[PDB]
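Chains as they are written, first to last, in our numbering: chain V, 28 to 237; chain C, 1137 to 1252; chain G, 51 to 290; chain P, 11 to 213.
Each residue gets a CB set at the ideal place from its N, CA and C atoms; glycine is no exception.
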Amino acid sequence: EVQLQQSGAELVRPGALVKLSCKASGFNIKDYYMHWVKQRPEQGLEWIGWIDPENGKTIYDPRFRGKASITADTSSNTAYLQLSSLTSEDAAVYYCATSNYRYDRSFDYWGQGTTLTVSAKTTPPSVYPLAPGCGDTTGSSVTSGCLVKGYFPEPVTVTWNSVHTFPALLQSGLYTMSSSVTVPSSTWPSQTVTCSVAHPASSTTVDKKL
Amino acid sequence: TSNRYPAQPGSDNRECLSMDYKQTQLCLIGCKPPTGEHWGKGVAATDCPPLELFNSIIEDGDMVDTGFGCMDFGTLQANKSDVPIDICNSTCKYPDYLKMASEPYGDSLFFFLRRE
Amino acid sequence: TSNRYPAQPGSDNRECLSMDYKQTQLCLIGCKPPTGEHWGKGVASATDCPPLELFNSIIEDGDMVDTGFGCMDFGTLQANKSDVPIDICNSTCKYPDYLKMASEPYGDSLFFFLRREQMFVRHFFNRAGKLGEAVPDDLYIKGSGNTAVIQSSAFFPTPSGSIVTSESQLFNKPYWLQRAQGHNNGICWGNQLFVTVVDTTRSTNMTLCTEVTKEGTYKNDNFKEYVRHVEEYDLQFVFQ
Amino acid sequence: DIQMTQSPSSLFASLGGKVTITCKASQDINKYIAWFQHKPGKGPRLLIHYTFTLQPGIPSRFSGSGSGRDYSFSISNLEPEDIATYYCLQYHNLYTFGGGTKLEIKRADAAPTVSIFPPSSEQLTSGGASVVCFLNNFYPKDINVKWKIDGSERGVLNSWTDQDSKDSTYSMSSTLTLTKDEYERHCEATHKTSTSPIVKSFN
């Protein structure tokens, strides 16, 4: 079972240094190539570089030669991606991937991803319940909601108890995420429906009963 | 030591390598130029080129065998990439000691030393 | 073994490396200072490769012997000061011109001499920088893609000199100058004598370490490292 | 050095249909092209290497072809789990990805299930007020939500989900932010599904 665990949600103020991790399990890092790929929001994939951990070979795209010091330690079976002098453009999603010279299939396996955001503030969220008023039903269905407002940065996990969780929108230096559950009138208000909101960057675990 | 599966080269997997050749000392003295031997392209279930053993006069500047044999690398190795560049387009010759010793008058080998 | 494509060099890819030199023992005895040979930058005349000239010179006490990179003037023929280690990179390595000293008429240079040199290739490397003389097109088929840019074929080997033993020692044993091969049979004209010695079999470099700050735990910045080398001689002569 | 021109940038077809993506390279890459499938929140999944060699486990409905500078990649018998963004990639000289192609599954009939939610008493305690209108399960993704506080005041915030793999529908939430909201407030949804905007409200 080949896996590529990867660091997640690293926020650094502009402009300092950042080093992302990616250690594999199920194969030796010394054997295969370790690649790095970038993806800016609403943009495509840009190959950053590759490293041969057996001898520290470095291969970069001439764009990234300036601020991309990639390394790898075979003892820890880990690959590192260091970026210096972060900018607003530098914030993106980063992936590590495995390549093979003796069997040249491009990018065998990819990591789950690392999200890098660049700002100068961190704030916890707030949870507001969303329940109707007088309420129609005629015995069929009732929709309940959960509004997470004002937090930074991503991500925020919202678990219920077919639910739709909308992508978070940013404005005025804050975020806003919603989630809507649909359950029949036999469950509400008979069965309690608790919206569980979690924010890792602030150690927030807020449960909200409707 | 380690060459596991799977594995299949691409279209160009050549590498930039170097090596030290076989050590050879020798000296031949005579009133006739020495006669050397080398393998060349001669004249069918295989497409392997036919091999023929050629005799020739060893001239000043000819390449000696380096551990890859005494052969015409220019004609028998068409890719020009199986041996280093100083012999890849040259012919390596080895002294035909048996022929030069078996000639009737013995004008080729008055005396010789060799250490390979 | 492995130096696959592609290759993306930098502007400074020098490394901090070391090696052990070619092993050389020799002793020359005569009434005339020895004559050594070394290659230097001559004058002549095309390519920008520097012209080579074979120079003869008197071997003085302290001159560097050949180390496996040849007998040449590294100060003038290697301008980057980084192709050979620092103890010869700005010095001249000299090799005894045995042929000239043997062919001189009176034979005053070499009453007698012994020599034992040995070395082998330990590692294989290549040089960084612009390849001055490109490989001609008739020696290879051009590549493409990753192999589009050819790598530097400016190879250089590292010497070693294998092993030292007491059984191979040339010194600490008497030499009897009974009959010299030259015309001078050991006559010390001018009431002087010249003994040239090279002995790499006692090249141990002692490491010295001083404590700048004493602490309960080890810290690298608390110590200074020095390197020293010693040589001990005891010349004994019997004259007639 | 080598550029990858991927066309088109988006696709749409019904379930069971066939789509095709084309990538033209700036120079010959000697058939060394790969095709990837990238879903949001996941890592890219290698579908094809060396122009027309499928990876183990990839269904045969995915296919590729081409040579020199021109290559193509087809997906027959489209299925709901195919909703992703596909990329081509040359690996003849270093690496260069294509622009990408956002694939969507074509359905119909989907009309938004609009539900309105007043600001909770807790947000009114904090000092704000956010009225939220949920538009669930509609198609296509293009929809217009117009907030009108009588008669039509019009700080809206819109957020669209991706196309769900279960049902090929979209969903969006509209949040109107106000403070000291003392005038009684109540949104309309203009969509291709109806002749008039579907309006949910409260007093």
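Inset, instruction - Express the C-alpha separation of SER19 (chain P) and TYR107 (chain V) in angstroms, rounding to a whole number. - result: Here residue 107 (chain V) is taken as the residue at index 80 of the first sequence, counted from 1. Here residue 19 (chain P) is taken as the residue at index 9 of the fourth sequence, counted from 1. Approximately 33 Å between the Cα atoms of the pair.
Inset, instruction - Would you decide whether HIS1174 (chain C) is buried or exposed? Buried here means 16 or more other CB atoms lie within 10 Å of its CB. - result: To locate residue 1174 (chain C), count along the second sequence from 1; it is residue 38. Of the residues assessed, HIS1174 (chain C) falls on the buried side of the cut-off, its CB having 16 or more other CB atoms within 10 angstroms.
Inset, instruction - Could you check the C-alpha separation between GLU217 (chain G) and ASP284 (chain G) for me, to the nearest Å? - result: For the purposes of this step, residue 217 (chain G) is taken as residue 167 along the third sequence, with counting starting at 1. For the purposes of this step, residue 284 (chain G) is taken as residue 234 along the third sequence, with counting starting at 1. Distance from the CA atom of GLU217 (chain G) to the CA atom of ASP284 (chain G), rounded to whole angstroms, is 20 Å.
Legend entry - Whole-angstrom distance between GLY193 (chain G) and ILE200 (chain G), CA atom to CA atom: Along the third sequence, one-based indexing puts residue 200 (chain G) at 150. Along the third sequence, one-based indexing puts residue 193 (chain G) at 143. Between the alpha carbons of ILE200 (chain G) and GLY193 (chain G) lies a gap of roughly 8 Å.
Inset, instruction - Say whether chain C places a C-beta atom closer than 8 Å to the C-beta of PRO59 (chain G). - result: Position 9 of the third sequence, counted from the first residue, corresponds to residue 59 (chain G). Cβ-Cβ to chain C under 8 Å: no for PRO59 (chain G).
Inset, instruction - Can you give me the Cβ contacts of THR250 (chain G) inside the same chain, cut-off strictly under 6 Å, excluding the 5 residues immediately before and after it? - result: Taking the third sequence and counting its residues from 1, one reaches residue 250 (chain G) at position 200. Contacts found: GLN73, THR74.
Legend entry - Euclidean distance between Cα positions of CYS123 (chain V) and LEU72 (chain V): For the purposes of this step, residue 123 (chain V) is taken as residue 96 along the first sequence, with counting starting at 1. For the purposes of this step, residue 72 (chain V) is taken as residue 45 along the first sequence, with counting starting at 1. So the alpha carbons of these two residues sit roughly 12 Å apart.
Inset, instruction - Alpha carbon to alpha carbon, how far is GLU181 (chain V) from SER140 (chain P)? Give it in angstroms, no decimals. - result: Position 130 of the fourth sequence, counting from 1, holds the residue named residue 140 (chain P). Position 154 of the first sequence, counting from 1, holds the residue named residue 181 (chain V). So the alpha carbons of these two residues sit roughly 21 Å apart.
Inset, instruction - Measure the beta-carbon distance from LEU243 (chain G) to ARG165 (chain G) and round it to whole angstroms, keeping in mind my assumption that it falls under 8 Å. - result: Numbered from its first residue, the third sequence carries residue 243 (chain G) at position 193. Numbered from its first residue, the third sequence carries residue 165 (chain G) at position 115. So it is not a contact: roughly 19 Å between Cβ atoms.
Inset, instruction - Enumerate, from N- to C-terminal direction, the unbroken beta strand (DSSP E) stretches of 3 or more residues contained entirely within the segment 73-128 of chain V. - result: The segment 73-128 of chain V contains, as complete beta strand (DSSP E) runs of 3+ residues, the segments 84-87, 96-100, 105-110, 120-126 (chain order).
Legend entry - Cβ-based burial, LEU1189 (chain C) [other Cβ within 10 Å; buried from 16]: Sequence index remark: in the second sequence, residue 1189 (chain C) carries index 53 (1-based). Exposed: under 16 other Cβ atoms inside 10 Å.
Legend entry - Three-state secondary structure (DSSP) of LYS1235 (chain C): The residue given as residue 1235 (chain C) occupies position 99 in the second sequence. Helix, per DSSP.
Inset, instruction - Please classify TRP215 (chain V): does DSSP put it in a helix, a strand, or coil? - result: In the first sequence, the residue the question calls residue 215 (chain V) occupies position 188. Coil.
Inset, instruction - Consult DSSP for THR197 (chain G) and reduce its assignment to one of helix, strand or coil. - result: Working through the third sequence from its first residue, we reach residue 197 (chain G) at position 147. It is helical.
Legend entry - chain C contact for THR197 (chain G) (CB, 8 Å cutoff): Translated into the one-based positions of the third sequence, residue 197 (chain G) becomes position 147. Residue contact check for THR197 (chain G) against chain C: a CB pair falls below 8 Å.
Legend entry - Rounded C-alpha distance that separates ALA195 (chain V) from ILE86 (chain V): Indexing the first sequence from 1 puts residue 195 (chain V) at position 168. Indexing the first sequence from 1 puts residue 86 (chain V) at position 59. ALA195 (chain V) and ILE86 (chain V) have their C-alpha atoms spaced approximately 36 Å apart.
Legend entry - Inside the segment 113-181 of chain G only - alpha helix (DSSP H) runs reaching at least 4 residues: 124-127, 148-153
Legend entry - Assumed close pair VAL39 (chain V), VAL145 (chain V) - CB separation to whole angstroms, cut-off 8 Å: Locating residue 39 (chain V) in the first sequence gives position 12, where the first residue counts as 1. Locating residue 145 (chain V) in the first sequence gives position 118, where the first residue counts as 1. Indeed, because the Cβ distance is near 7 Å, the residues count as touching under 8 Å.
Inset, instruction - Flag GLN30 (chain V) as yes if its beta-carbon sits less than 8 Å from any beta-carbon of chain P, otherwise no. - result: Residue numbering aside, residue 30 (chain V) sits at position 3 when the first sequence is read from its first letter. It does not; no Cβ of chain P falls within 8 Å.
Inset, instruction - Return yes when the Cβ of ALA44 (chain P) is within less than 8 Å of the Cβ of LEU88 (chain P), no when it is not. - result: If you number the fourth sequence from 1, residue 88 (chain P) lands on position 78. If you number the fourth sequence from 1, residue 44 (chain P) lands on position 34. Against a cut-off of 8 Å, the Cβ pair of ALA44 (chain P) and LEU88 (chain P) comes out as no contact.
Legend entry - Straight-line Cα distance separating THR142 (chain V) from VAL45 (chain V): Along the first sequence, one-based indexing puts residue 45 (chain V) at 18. Along the first sequence, one-based indexing puts residue 142 (chain V) at 115. Distance between the alpha carbons of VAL45 (chain V) and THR142 (chain V): 12 Å.
Legend entry - Proximal chain V residues relative to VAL142 (chain P), where beta-carbon distance stays under 7 Å: As a position in the fourth sequence, residue 142 (chain P) is number 132, starting the count at 1. Within 7 Å Cβ-Cβ: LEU157, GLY172, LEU174, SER205.
Inset, instruction - Could you tell me whether the Cβ of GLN201 (chain G) comes closer than 8 Å to any Cβ of chain C? - result: Stepping through the third sequence from its first residue, residue 201 (chain G) is reached at position 151. Yes - at least one Cβ of chain C is within 8 Å of the one on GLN201 (chain G).
Inset, instruction - Specify the secondary structure class of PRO128 (chain P) as computed by DSSP and reduced to three states. - result: Here residue 128 (chain P) refers to the residue found at position 118 when the fourth sequence is read from its first residue. In this structure, DSSP gives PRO128 (chain P) a state outside helix and strand, which the three-state scheme calls coil.
Inset, instruction - Could you pull out every residue in the same chain whose Cβ sits closer than 7 Å to the Cβ of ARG195 (chain P), ignoring the five residues on either side in sequence? - result: Translated into the one-based positions of the fourth sequence, residue 195 (chain P) becomes position 185. Correct list, in chain order: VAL141, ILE159.
Inset, instruction - Keeping to the same chain, check which residues put their C-beta closer than 8 Å to that of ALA95 (chain V); ignore five residues upstream and five downstream. - result: Locating residue 95 (chain V) in the first sequence gives position 68, counting from the first residue. Cβ within range, chain order: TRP63, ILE75, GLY76, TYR87, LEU108, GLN109, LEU110.
Legend entry - Straight-line Cα distance separating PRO129 (chain P) from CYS161 (chain V): Taking the first sequence and counting its residues from 1, the one referred to as residue 161 (chain V) is at position 134. Taking the fourth sequence and counting its residues from 1, the one referred to as residue 129 (chain P) is at position 119. Spanning the two alpha carbons is a distance of roughly 14 Å.
Inset, instruction - Name the two residues that bound the continuous beta strand (DSSP E) containing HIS88 (chain G). - result: Here residue 88 (chain G) refers to the residue found at position 38 of the third sequence. Element bounds for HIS88 (chain G): 85-91.
Legend entry - Span separating the alpha-carbon of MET1199 (chain C) from that of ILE68 (chain P): Position 63 of the second sequence holds residue 1199 (chain C). Position 58 of the fourth sequence holds residue 68 (chain P). One C-alpha to the other measures close to 55 Å.
Legend entry - For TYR60 (chain V), the residue or residues it bridges with in DSSP: Taking the first sequence and counting its residues from 1, the one referred to as residue 60 (chain V) is at position 33. Bridge partners of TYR60 (chain V): V:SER126.
Inset, instruction - Name the residue from C:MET1155, C:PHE1247, C:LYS1235, C:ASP1232 whose alpha carbon lies nearest to the alpha carbon of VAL1219 (chain C). - result: Sequence index remark: in the second sequence, residue 1219 (chain C) carries index 83 (1-based). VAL1219 (chain C) has its Cα closest to that of C:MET1155, out of C:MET1155, C:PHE1247, C:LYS1235, C:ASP1232.
Legend entry - Beta bridge counterpart(s) of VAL175 (chain V) as assigned by DSSP: Against the first sequence, residue 175 (chain V) aligns to sequence position 148. Beta-bridge pairing links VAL175 (chain V) to V:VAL154, V:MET204.
Inset, instruction - To the nearest angstrom, report how far apart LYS180 (chain G) and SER202 (chain G) are at their CA atoms. - result: Within the third sequence, residue 180 (chain G) is the residue found at index 130, counting from 1. Within the third sequence, residue 202 (chain G) is the residue found at index 152, counting from 1. So the alpha carbons of these two residues sit roughly 8 Å apart.
Inset, instruction - Decide yes or no for the touch test of the segment 219-235 of chain V against the segment 147-154 of chain V: beta carbon pairs closer than 8 Å, at least 3 of them. - result: yes
Legend entry - Whether residue 298 (chain P) touches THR95 (chain P) by CB criterion (8 Å): The structure shown does not extend to residue 298 (chain P), since chain P is modelled only from 11 through 213, so no value can be given for it.
Legend entry - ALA96 (chain G) versus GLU183 (chain G) - alpha carbon distance: By 1-based counting over the third sequence, the position of residue 96 (chain G) is 46. By 1-based counting over the third sequence, the position of residue 183 (chain G) is 133. Taking the straight line from one Cα to the other gives about 11 Å.
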